[PDB]
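Counting from 1, the numbers follow the sequence of the chain as shown. Read the numbers this way: they start at 1 and go in the same order the structure lists the ligands and their atoms.
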Amino acid sequence: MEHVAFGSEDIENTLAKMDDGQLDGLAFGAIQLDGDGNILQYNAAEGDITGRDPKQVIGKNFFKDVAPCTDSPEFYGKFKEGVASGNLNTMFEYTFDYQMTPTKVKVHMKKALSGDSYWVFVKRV
Ligand SMILES: *C(=O)/C=C/c1ccc(O)cc1
């Protein structure tokens, strides 16, 4: 695989500019969003957790279209506050339940190093 742990302190440096192939080698789900919530990257581990096909969801809006169960103050609200502030680093558990068996996960959202994009990392709990 790639040798990176979920929740690592410098994860934004390690994954900076990472190509889609390399991202598919992580042990955990990884999604890169723009500030509106459009999906830029979506790795294989995430697709295994959620059932989504990665190439099919890239370009869709995560909160509007893919993941309406996250369109809430507890997930999207945290995301949008962090985009607005230009700073985000939060970890919380959540349940994904849209057109799927409900699945409890740990989520880590963190602003990417450069530019203005945002990671959503996911693992099972
Ligand atoms: C709730 O609608 C969650 C859905 C979801 C979460 C994460 C994904 O990668 C895809 C769908």
Residue pair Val122 / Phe96, side-chain heavy-atom distance below 4.5 Å: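 Yes; the side chains approach each other to less than 4.5 Å.
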Minimum side-chain heavy-atom gap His108-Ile11 below 4.5 Å: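 In short, these two side chains touch, coming nearer than 4.5 Å.
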Remaining members of the apolar cluster that contains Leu113, side-chain heavy atoms under 4.5 Å: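 Other cluster members: none.
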When you check ligand 1 against the protein, what N or O pairs turn up below 3.5 Å? List the atom names and distances, or just say none.
{"unit_1": "ligand 1", "atom_1": "2 (O)", "unit_2": "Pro68", "atom_2": "N", "d": "3.4"}
{"unit_1": "ligand 1", "atom_1": "2 (O)", "unit_2": "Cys69", "atom_2": "N", "d": "2.8"}
{"unit_1": "ligand 1", "atom_1": "9 (O)", "unit_2": "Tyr42", "atom_2": "OH", "d": "2.5"}
{"unit_1": "ligand 1", "atom_1": "9 (O)", "unit_2": "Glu46", "atom_2": "OE2", "d": "2.6"}

Pairs touching residues 97-123 that satisfy salt bridge (charged side-chain N to carboxylate O under 4.0 Å, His left out), sequence neighbours left out: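 Listed once each, the pairs are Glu12-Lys110, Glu93-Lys104.
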Under 3.5 Å: donor-acceptor pair, side chain of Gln32, backbone of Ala112: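 Such a contact is absent between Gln32 side chain and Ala112 backbone.
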Under 3.5 Å, sequence neighbours excluded: what are the donor-acceptor pairs made by side chains of residues 49-63?
{"unit_1": "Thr50", "atom_1": "OG1", "unit_2": "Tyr42", "atom_2": "OH", "d": "2.8"}
{"unit_1": "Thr50", "atom_1": "OG1", "unit_2": "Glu46", "atom_2": "O", "d": "3.2"}
{"unit_1": "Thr50", "atom_1": "OG1", "unit_2": "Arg52", "atom_2": "N", "d": "3.1"}
{"unit_1": "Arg52", "atom_1": "NH1", "unit_2": "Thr50", "atom_2": "O", "d": "2.9"}
{"unit_1": "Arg52", "atom_1": "NH2", "unit_2": "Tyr98", "atom_2": "O", "d": "3.0"}
{"unit_1": "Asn61", "atom_1": "OD1", "unit_2": "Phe63", "atom_2": "N", "d": "3.0"}
{"unit_1": "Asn61", "atom_1": "OD1", "unit_2": "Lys64", "atom_2": "N", "d": "2.9"}
{"unit_1": "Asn61", "atom_1": "ND2", "unit_2": "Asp36", "atom_2": "O", "d": "2.9"}
{"unit_1": "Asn61", "atom_1": "ND2", "unit_2": "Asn38", "atom_2": "OD1", "d": "3.1"}

